[PDB]
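K.L.:
Need coordinates for the below:
(2 chains, ligands or ions: 3)
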Amino acid sequence: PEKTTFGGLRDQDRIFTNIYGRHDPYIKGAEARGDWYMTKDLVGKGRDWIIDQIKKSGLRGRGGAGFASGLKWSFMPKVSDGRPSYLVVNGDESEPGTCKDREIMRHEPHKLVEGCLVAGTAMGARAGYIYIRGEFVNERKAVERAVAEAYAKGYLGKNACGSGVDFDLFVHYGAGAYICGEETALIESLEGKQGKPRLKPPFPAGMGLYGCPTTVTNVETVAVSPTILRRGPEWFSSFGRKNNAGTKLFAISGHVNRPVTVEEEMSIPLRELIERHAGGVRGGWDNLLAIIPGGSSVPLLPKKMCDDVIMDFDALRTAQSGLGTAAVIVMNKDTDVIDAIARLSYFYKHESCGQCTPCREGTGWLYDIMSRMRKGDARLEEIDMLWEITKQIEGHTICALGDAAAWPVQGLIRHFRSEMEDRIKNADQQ
Amino acid sequence: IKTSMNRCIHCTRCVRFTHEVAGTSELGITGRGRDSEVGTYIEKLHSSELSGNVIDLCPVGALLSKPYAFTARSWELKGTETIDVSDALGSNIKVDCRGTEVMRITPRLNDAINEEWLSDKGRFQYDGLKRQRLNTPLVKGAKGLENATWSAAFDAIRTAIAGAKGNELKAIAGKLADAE
Ligand SMILES: Cc1cc2nc3c(=O)[nH]c(=O)nc-3n(C[C@H](O)[C@H](O)[C@H](O)COP(=O)(O)O)c2cc1C
Ligand code: SF4
Ligand code: SF4
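P.N.:
Residues are numbered from 1 along each chain as shown, chains lettered A, B, ... in the order given. Ligands and ions are numbered 1, 2, ... in the order given. Here you go:
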């Protein structure tokens, strides 16, 4: 927590404690680990107190946005106009680099349910829906068992946990779509239509599920909120830097000696994270071509930037990237960056819903151009054209999947233009 | 309705019309991403009598009029603004003609009566304006109805009316008779 240096989180400071499933993930173990401890008191203290405590903690939103959780929760209507309020937890975790939410759902089901109760009380939501990926059948079974147990002991329902508050929780599951993780597309999917995002000028707080005020929040934020109210906002604020306070779950994947999911305070150096928890890059730190810091949506960073880069939101913004999700992907010198970025372009071509013209057409265009560059078929001017197309897509789409499709290609052009030129020239030369 | 779905830009005008206005709810965008397609997933035929309006609503010719197919171009046609006698709504229409032939009929804007919509009968009944037409006066004889001049037919009508008197003369007006 020291302002000079951050890292080396201790076990006493970790929110997610059975993250590795060494213990009973269900209610017996959960009560013994500090779950559902004094939920009566925290909920009874009123929605205003919870909102102010979350605001003081500095908790930004996990899931990619990074938007302050307290302000978003405070946007919810205070008094009913005849329309109920809903809490929807985005447990859809489709993202090419992120595995972190699945461990929480399968090994800490009860923390998520307690967080749903706390946040629904904070936003005055009568009912709650936990959206889960359809592929996560077993994780959904774990969450459903947790919900049933909480209902059985009266932790949920009318007079939930003994406080004069009423909250009902449901578990809903999709059929597989990366777009259904977006706030409006998730609402459309749960309503019963195709998961196509809604134009934002109507905002979900104003009109959401069934036309009623709703808030969509990630599993990790909902899970961290109850212990923030228990442990204290100052404890949460101490660990990270300014504006970036809390601990976050980092999922190291790729060419590392040990791929691990771990909890660490934010503002750890990326080199420190990879070397201590992941065991170092396969073949040593010398053996680095690039690192994708925040899952596949954000632009990649070259080794040189990875030397001094710090695992934070604003700093990765300064490094022309972002910590959307703590899904760090490591590539060796052996790796062909062109082919991996082309596979990400194919991913985005497959995951576009097709609603708006720029995403639906330009993402397939991007995939075709990246495929030609993977073989050297293209010309040297094709790279500049590719940058222009990425600029054409960005900002002119309904949701951010166009931006998430444009960014990896832009990062490849920006930091690894030399290799593309090499491949194009050599194919012509040979 | 003729279909060229390759020309289809994925607006949702046909689906929104079929749902909100026509109310048959037959068309939808099936698929995700670039291979998303518009139309009935099953082989179905559009049942509404307002079906012709999707053709006008279609901006990019993916939905086109099968009766008016490959027959003319837009610049070749002279448009005259008239009304539809198909029913008592009096839908305001624009009749496009090449020479002495009516080529197509399309609606006009009149928020009072027909917002901008036309029924299928009115839109596609111009085909029956070229068939079974009466061109000359006909007077009956032992050989049947035969060609006659206007004077001879009027003479026969005069000889017939001379016999009848008062209520023996009877008039029946049709569906398409005009005020004058
Ligand atoms: C294409 C797309 C996919 C997304 N997928 C997810 C996802 O799988 N999980 C998630 O938590 N957020 C996802 N998001 C971000 C959503 O906005 C999310 O519901 C919201 O940011 C949660 O807000 P929070 O940060 O306060 O938790 C996605 C966004 C977009 C544009
Ligand atoms: S950007 Fe892509 S995924 Fe998002 S609404 Fe447009 S077409 Fe659909
Ligand atoms: S109105 Fe025409 S262009 Fe639009 S979706 Fe229907 S067929 Fe395609």
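K.L.:
quick one, phi/psi of the spatially closest residue to residue B:126 that is not a sequence neighbour?
P.N.:
The shortest distance from residue B:126 to any non-neighbouring residue, by Cβ to Cβ, 6 or more residues apart in numbering or on different chains, is to residue B:102 (4.7 Å). Where you see a C-beta, it was placed from the backbone N, CA and C, and this is true even at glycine. Here the main-chain torsion angles of residue B:102 (degrees, to the nearest 10) amount to phi -80, psi 120.
K.L.:
Residue B:95 versus residue B:102, what's the distance?
P.N.:
According to Cβ to Cβ, to the nearest Å, residue B:102 and residue B:95 sit 6 Å apart.
K.L.:
OK, contacts around the residue nearest to residue B:126?
P.N.:
Counting by Cβ atoms under 8 Å, 6 or more residues apart in numbering or on different chains, residue B:102 touches B:95-96, B:126, B:129.
K.L.:
Could you do residue A:119 as well?
P.N.:
Residue A:119 touches A:73, A:87, A:125, A:217, A:222, A:225, counting by Cβ under 8 Å, 6+ apart.
K.L.:
doesn't residue A:115 make contact with the last one?
P.N.:
Yes: taking Cβ atoms under 8 Å as the definition, residue A:225 is a contact partner of residue A:115 at 5.0 Å.
K.L.:
and the contacts of residue A:119, which two are the farthest apart?
P.N.:
Spatial extent of the contacts of residue A:119 (Cβ to Cβ) is set by the pair A:125 and A:225 at 13.5 Å.
K.L.:
neighbour count winner among the two?
P.N.:
Using other Cβ atoms under 10 Å in any protein chain shown as the criterion, residue A:125 and residue A:225 rank with residue A:225 on top: 30 against 23.
K.L.:
In a helix, that one, correct?
P.N.:
Yes: according to DSSP: H, G, I helix; E, B strand; the rest coil, residue A:225 belongs to a helix.
K.L.:
Chain neighbours aside, what residue packs nearest to residue A:256?
P.N.:
Residue A:256 sits nearest to residue A:278 (Cβ to Cβ, 6+ apart), 3.8 Å away.
K.L.:
Confirm the one you found sits in a helix?
P.N.:
No: judged by three-state DSSP, residue A:278 forms no part of a helix; its state is coil.
K.L.:
Distance check, residue B:50 against ligand 3.
P.N.:
14 Å (Cβ to the nearest ligand atom, to the nearest Å).
K.L.:
Just to check, residue B:44 is in contact with residue B:26?
P.N.:
Yes: counting by Cβ under 8 Å, residue B:44 sits close enough to residue B:26 to count as a contact (5.8 Å).
K.L.:
Looking at the two now, which is surrounded by more residues?
P.N.:
residue B:26 (20 against 11).
K.L.:
wait, what's in contact with the more buried one?
P.N.:
B:18, B:40, B:44, B:46-47.
K.L.:
do residue A:340 as well
P.N.:
If you count contacts by Cβ under 8 Å, 6+ apart, then residue A:340 has residue A:331 around it.
K.L.:
Quickly find the element holding it.
P.N.:
helix A:337-351 (DSSP states H and E).
K.L.:
and stretch A:301-314, how far apart are its ends?
P.N.:
From its first residue to its last, stretch A:301-314 covers 15 Å (Cα to Cα, to the nearest Å).
K.L.:
Tell me if that stretch is near ligand 1.
P.N.:
No: Stretch A:301-314 lies apart from ligand 1 when judged by Cβ under 6 Å from any ligand atom; the minimum separation is 11.2 Å.
K.L.:
Assign the closest residue to residue A:128 other than its chain neighbours to helix, strand or coil.
P.N.:
Leaving aside its sequence neighbours, residue A:128 sits nearest to residue A:87 (Cβ to Cβ, 6+ apart; 4.0 Å). Using three-state DSSP, the structure places residue A:87 in strand.
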